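As they're listed, the protein sequences go chains A and B. With positions in the first sequence counted from 1, the corresponding number in the entry's author numbering is that position plus 24. With positions in the second sequence counted from 1, the corresponding number in the entry's author numbering is that position plus 24. Ideal Cβ positions, reconstructed from N, Cα and C, are used throughout, including at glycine. To keep things clear, I will list the structure first and then write my remarks on it.
Number of protein chains: 2
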Amino acid sequence: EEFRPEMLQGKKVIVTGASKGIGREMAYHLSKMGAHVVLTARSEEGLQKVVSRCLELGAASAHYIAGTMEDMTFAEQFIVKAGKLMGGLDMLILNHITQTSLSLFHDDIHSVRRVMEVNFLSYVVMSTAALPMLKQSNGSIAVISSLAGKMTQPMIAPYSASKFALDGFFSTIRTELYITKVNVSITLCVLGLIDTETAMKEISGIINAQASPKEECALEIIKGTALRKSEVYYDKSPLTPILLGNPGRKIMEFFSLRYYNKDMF
Amino acid sequence: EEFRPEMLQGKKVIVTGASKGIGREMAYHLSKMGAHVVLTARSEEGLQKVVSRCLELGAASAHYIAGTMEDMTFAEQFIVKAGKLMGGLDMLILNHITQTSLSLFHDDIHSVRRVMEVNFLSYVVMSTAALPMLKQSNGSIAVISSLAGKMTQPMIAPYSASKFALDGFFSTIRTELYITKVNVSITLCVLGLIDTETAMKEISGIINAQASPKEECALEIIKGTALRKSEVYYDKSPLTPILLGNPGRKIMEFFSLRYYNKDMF
Ligand SMILES: NC(=O)c1ccc[n+]([C@@H]2O[C@H](COP(=O)([O-])OP(=O)(O)OC[C@H]3O[C@@H](n4cnc5c(N)ncnc54)[C@H](OP(=O)(O)O)[C@@H]3O)[C@@H](O)[C@H]2O)c1
Ligand SMILES: NC(=O)c1ccc[n+]([C@@H]2O[C@H](COP(=O)([O-])OP(=O)(O)OC[C@H]3O[C@@H](n4cnc5c(N)ncnc54)[C@H](OP(=O)(O)O)[C@@H]3O)[C@@H](O)[C@H]2O)c1
Ligand SMILES: O=C(C[C@]1(c2ccccc2)[C@H]2C[C@H]3C[C@@H]1C[C@@H](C2)[C@@H]3O)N1CC(O)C1
Ligand SMILES: O=C(C[C@]1(c2ccccc2)[C@H]2C[C@H]3C[C@@H]1C[C@@H](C2)[C@@H]3O)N1CC(O)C1
Numbered sequence: 025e026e027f028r029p030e031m032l033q034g035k036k037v038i039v040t041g042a043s044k045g046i047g048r049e050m051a052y053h054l055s056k057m058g059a060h061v062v063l064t065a066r067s068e069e070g071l072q073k074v075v076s077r078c079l080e081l082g083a084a085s086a087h088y089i090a091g092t093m094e095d096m097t098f099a100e101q102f103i104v105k106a107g108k109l110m111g112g113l114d115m116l117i118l119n120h121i122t123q124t125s126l127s128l129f130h131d132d133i134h135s136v137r138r139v140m141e142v143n144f145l146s147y148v149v150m151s152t153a154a155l156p157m158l159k160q161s162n163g164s165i166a167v168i169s170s171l172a173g174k175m176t177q178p179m180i181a182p183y184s185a186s187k188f189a190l191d192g193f194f195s196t197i198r199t200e201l202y203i204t205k206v207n208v209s210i211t212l213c214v215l216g217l218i219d220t221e222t223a224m225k226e227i228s229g230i231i232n233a234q235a236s237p238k239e240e241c242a243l244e245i246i247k248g249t250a251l252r253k254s255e256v257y258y259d260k261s262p263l264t265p266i267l268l269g270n271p272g273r274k275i276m277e278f279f280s281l282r283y284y285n286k287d288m289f
Numbered sequence: 025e026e027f028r029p030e031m032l033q034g035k036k037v038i039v040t041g042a043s044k045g046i047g048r049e050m051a052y053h054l055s056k057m058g059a060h061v062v063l064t065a066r067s068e069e070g071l072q073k074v075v076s077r078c079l080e081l082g083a084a085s086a087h088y089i090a091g092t093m094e095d096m097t098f099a100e101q102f103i104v105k106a107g108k109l110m111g112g113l114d115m116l117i118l119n120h121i122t123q124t125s126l127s128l129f130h131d132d133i134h135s136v137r138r139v140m141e142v143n144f145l146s147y148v149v150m151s152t153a154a155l156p157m158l159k160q161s162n163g164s165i166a167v168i169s170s171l172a173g174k175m176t177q178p179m180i181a182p183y184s185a186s187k188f189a190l191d192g193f194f195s196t197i198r199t200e201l202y203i204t205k206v207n208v209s210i211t212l213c214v215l216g217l218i219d220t221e222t223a224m225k226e227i228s229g230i231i232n233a234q235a236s237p238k239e240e241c242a243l244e245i246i247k248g249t250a251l252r253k254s255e256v257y258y259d260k261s262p263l264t265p266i267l268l269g270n271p272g273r274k275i276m277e278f279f280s281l282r283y284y285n286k287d288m289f
């Protein structure tokens, strides 16, 4: 199937980490598509600014809920308030991440605990809290990851862990949903370097690599999620999907089901 | 290069989850090899029994420290007491896991936090706490994972997440160690279905597949770790390493280093 921006006309969509970066570019894109949007981040001020440009762009409705995804209760509550506000949920975009600086891992157990709580746990809390509305609407989940969630690079050990943890968790859910004949899709978005101000500031004096436009990235995420693709690759190199694709895993995963007692699902 | 049991004669080795299963079989194997051993699990009684058979088998010294790896302070303290007790550390075997039952994921969030703390966080705490002794001894770390830490299967979503999180974290550490010319090796052990009573009980009425011997598994883990192999695959099928090997990732990981400022190391 080929994408049409009409696929998101009047659809109820949640976007995390929407104050800046890819989250913001996705909000703007959904707006132009005529969708109902609910945004989140910590900065109330930041959210207000994008929520204003959202309606200005063509959003069917635009609202925001400020808060920290470090707090699991907020993550669960944000989903319910947003579900009420839009009268259901069609697409859930899981984008937010806690601050990460590129440094060779020395210690800081609490930094690693924060990373897994924000980057990983909140995503499971939020997806669990959203799954009934998504079940009704036969909707989707966009799980934002990176190349570092499919492969290893130095100076991002806790970050890689959180992104790998998502792959394990959500790919399992995706299979479970499929085998229990539930039409809710899970789209894992594997991204390369994106030209967001935050990344550029963080790689300055460490990584040489060329970034990709945040506008084209955001659109590709929405496109793939709506087109109900299991995984979406967006990087400067055209070999990234061939190299990171893991067909062997796909084969292995398929035959695993053969050993299961069919009564289980 | 080929393995010789003399490679572990007089070596100071830590084993987690040593009261039963693969942990226990590894303790016994190290004992027969003439190594100094320190074991852990929650059951004081269980540990005593294996620590007795350990000396009886030929262990250079055998000690135990009971406790829950759910407690991050214990995890770091266990490593220091054990380091004192053996007068250093050569090999650190990270084996323990919190209880997991095969069920399609619903809403047990506190159980996911539990799985991530035990199965993943304690491993990072313990490896961080052990790394200086390992740096001095030019030693190794054995990170016990499964096929489910390289690929996806239904009914083990939080478990897969924790095992994928280890892959991301430790493979990063391995690269960091290598680039900073530190001779401490990280061996990720990817295992298939093993003859442990615990596994056998958990798959009953869900998975009908052939298990592998816990004795040959444990030995293969010690063998690979000592031979300083990056990853060790142990499963009934001989195609499991070709299928789960991910050469594309290996390629990608190498070229990533090209974009880094070498002086940062
Ligand atoms: N940028 C890249 O080059 C790149 C590359 C590959 C993959 N990715 C993935 O793309 C996604 C988006 O990245 P980005 O470039 O948009 O990054 P970004 O500019 O740093 O955006 C992060 C967003 O999350 C919010 N946030 C941060 N901490 C939070 C917390 N504690 N609770 C709630 N919200 C929080 C931020 O707002 P507040 O600070 O106001 O809270 C912001 O809106 C991430 O999942 C990232 O892993 C990015
Ligand atoms: N068995 C298989 O078929 C299989 C297959 C693939 C991979 N693996 C991997 O192999 C490793 C060993 O598995 P196994 O078969 O030996 O399992 P097992 O028989 O269940 O052993 C688990 C061990 O961890 C200890 N433990 C459990 N909860 C703990 C906690 N809260 N704090 C500290 N220690 C705790 C247990 O002792 P206490 O209960 O007394 O605390 C026991 O000694 C695991 O990492 C597993 O992922 C196993
Ligand atoms: O995931 C990202 C982008 C980031 C990064 C940038 C270079 C190297 C590792 C991580 C940026 C810096 C940190 C970690 C992570 C996420 C964001 C932006 C965070 O601020 N990449 C690019 C690579 O291909 C996968
Ligand atoms: O990791 C394991 C063994 C276990 C399992 C058993 C079948 C399916 C999934 C998980 C056993 C049951 C649970 C989860 C996990 C670890 C142990 C033993 C735990 O008690 N496998 C075998 C597969 O190839 C990877």
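Item to check | Which listed residue (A51(B), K187(B), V167(B)) has its alpha carbon closest to that of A84(B) | outcome: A51(B)
Checklist entry - With respect to the beta strand (DSSP E) encompassing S228(A), which residues constitute its N-terminal and C-terminal limits? => result Unbroken run through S228(A): none, as it is neither H nor E.
Item to check | chain A contact for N207(B) (CB, 9 angstroms cutoff) | outcome: no
Checklist entry - On the premise that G248(B) lies in contact with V256(B), defined as a C-beta separation below 8 angstroms, what is that separation, rounded to the nearest angstrom? => result 4 angstroms
Checklist entry - So what does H87(A) bridge to, in DSSP terms? => result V62(A)
Item to check | Interface residues of the stretch 139-155 of chain B facing chain A [CB-CB below 8 angstroms] | outcome: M140, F144, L145, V148, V149, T152
Item to check | Neighbour flag for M93(A) against chain B, beta carbons, 9 angstroms | outcome: no
Next on the checklist: Please classify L54(A) as buried or exposed, where buried requires at least 16 other C-beta atoms within 10 Å of its C-beta.
Outcome noted: buried
Checklist entry - Roughly how many angstroms separate the alpha carbons of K260(B) and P182(B), rounded to a whole number? => result 25 angstroms
Next on the checklist: Could you tell me the alpha carbon to alpha carbon distance between residue 314(A) and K36(A), rounded to whole angstroms?
Outcome noted: No information on residue 314(A) is available, as it lies outside the stretch 25 to 289 that chain A covers here.
Checklist entry - Between the stretch 224-242 of chain B and the stretch 228-242 of chain A, are three or more C-beta pairs nearer than 8 angstroms? => result no
Next on the checklist: Tell me the rounded alpha-carbon separation between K159(B) and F144(B).
Outcome noted: 22 angstroms
Checklist entry - Shortest alpha-carbon distance to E240(B) belongs to which of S209(B), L215(B), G272(B)? => result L215(B)
Item to check | Top-ranked residue by Cα proximity to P265(B), from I275(A), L155(A), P262(A) | outcome: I275(A)
Next on the checklist: Tell me which residues share the same chain as residue 17(B) and place their Cβ nearer than 6 angstroms to its Cβ, disregarding the 5 neighbours each side in the sequence.
Outcome noted: Since the first and last residues shown for chain B are 25 and 289, residue 17(B) lies out of range.
Item to check | Cross-chain neighbours of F98(B) in chain A, by beta carbon under 9 angstroms | outcome: In chain order: nothing, as chain A lies at least about 13 angstroms away.
Next on the checklist: Please determine whether the Cβ atom of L212(B) lies at a distance below 8 angstroms from any heavy atom of ligand 2.
Outcome noted: no
Item to check | 7 angstroms Cβ shell around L63(B) - same chain, five flanking residues per side excluded | outcome: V39, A42, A51, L71, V74, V75, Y88
Item to check | Coarse secondary structure for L128(B), derived from DSSP in three states | outcome: coil
Item to check | DSSP-derived helix/strand/coil call for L217(B) | outcome: coil
Checklist entry - Could you name the residues, in chain order, whose CB is less than 6 angstroms away from a heavy atom belonging to ligand 1? => result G41(A), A42(A), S43(A), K44(A), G45(A), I46(A), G47(A), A65(A), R66(A), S67(A), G70(A), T92(A), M93(A), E94(A), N119(A), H120(A), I121(A), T122(A), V142(A), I168(A), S170(A), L215(A), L217(A), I218(A), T220(A), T222(A), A223(A)
Item to check | Opposing strand residues paired with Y257(B) [DSSP bridges] | outcome: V214(B)
Checklist entry - Less than 8 angstroms between the CB of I203(B) and some heavy atom of ligand 6, yes or no? => result As presented, the structure is devoid of ligand 6, carrying ligand 1, ligand 2, ligand 3 and ligand 4 as its sole ligands.
Checklist entry - Name the chain A residues that come within less than 9 angstroms of residue 18(B), Cβ to Cβ? => result The first residue shown for chain B is 25 and the last is 289, placing residue 18(B) beyond what the model contains.
Checklist entry - What is the rounded straight-line gap between the Cα of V148(A) and the Cα of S135(A)? => result 19 angstroms
Next on the checklist: To the nearest angstrom, how far is the alpha carbon of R66(A) from that of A223(B)?
Outcome noted: 43 angstroms
Checklist entry - Using CA coordinates, which residue listed in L281(A), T204(A), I117(A) is at the minimum distance from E49(A)? => result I117(A)
Next on the checklist: At a threshold of 8 angstroms, does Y183(B) count as lining ligand 4 (C-beta to nearest heavy atom)?
Outcome noted: yes
Checklist entry - Taking C-alpha atoms, which residue in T176(A), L126(A), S186(A) lies nearest to residue 301(A)? => result Residue 301(A) falls outside the range modelled here, since chain A spans only 25 to 289, and no answer is possible.
Checklist entry - Using CA coordinates, which residue listed in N162(A), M57(A), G47(A) is at the minimum distance from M115(A)? => result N162(A)
Next on the checklist: In the DSSP assignment, the alpha helix (DSSP H) including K36(B) goes from what residue to what residue?
Outcome noted: That residue, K36(B), is in no alpha helix (DSSP H); its beta strand (DSSP E) goes 36-39.
Next on the checklist: Given this structure, state the Cα-to-Cα distance separating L113(A) from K44(B), to the nearest angstrom.
Outcome noted: 47 angstroms
Next on the checklist: So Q101(A) contacts chain B; which residues on that side make the cut at Cβ distance below 8 angstroms?
Outcome noted: What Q101(A) touches in chain B: nothing, since even the nearest Cβ is about 13 angstroms away.
Next on the checklist: Within 9 angstroms of any Cβ in chain A, is that where the Cβ of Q123(B) sits?
Outcome noted: no
Checklist entry - Do you know offhand how far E100(A)'s Cα is from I133(B)'s? => result 11 angstroms
Checklist entry - Taking 8 angstroms as the cut-off, does the CB of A235(B) come closer than this to any heavy atom belonging to ligand 2? => result yes
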